[PDB]
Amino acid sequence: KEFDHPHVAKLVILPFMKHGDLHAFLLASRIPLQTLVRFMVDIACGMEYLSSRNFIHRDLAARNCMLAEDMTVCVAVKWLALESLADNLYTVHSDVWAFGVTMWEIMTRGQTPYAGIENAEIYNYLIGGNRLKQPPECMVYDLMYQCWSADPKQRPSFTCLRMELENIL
């Protein structure tokens, strides 16, 4: 883990991050569409770097992304792909799933995905063709929705995700 990218947490023994994790942060602010999308580009650059080095993360979520003082985000069952729950299969494609849900957390400013649903009924709930809902006023919903295709080969790579997100400006 001698990785070095500005959207991947350095190994120093971790740096001190003035503004906390992105989850607690987004939660402080609830209790603009333009700052949230920048959050998403960051995590996507971070994730592009890791998967290029064939590092499979396995626990991507807002809680595990960190805001530095400059306010860039760096990357450090409710997030798990169909195939990770059913077959304990973890890949770039399930990491892409998790990002999808992180994209949703951001847009809900830190809501527990599938809030009124138990851990145990998410699978059943996901094979039903059901996904996380488009949050009240959200443009973006389409990209995160691709990230949760049943066929992991239809989920867009982190390079595509970043571009669709960078593009959206």
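Start at 1 and count along the sequence shown; that's the residue number.
- In the deposited sequence, the stretch from residue 31 to residue 32 hides 4 to 9 residues that have no coordinates.
- Per the record, residue 76 and residue 77 are separated by a gap of 10 or more residues from the deposited sequence that were not modelled.
- According to the PDB record, 129-137 carries the higher mean C-alpha B-factor of the two stretches 48-56 and 129-137.
- Judged by mean Cα B factor in the deposited record, 140-148 ranks above the other of 96-104 and 140-148.
- Sorting 61, 41, 67, 120 by the CA temperature factor given in the entry leaves 120 at the top.
- Among all modelled residues in its chain, residue 20 ranks in the middle third by Cα B-factor.
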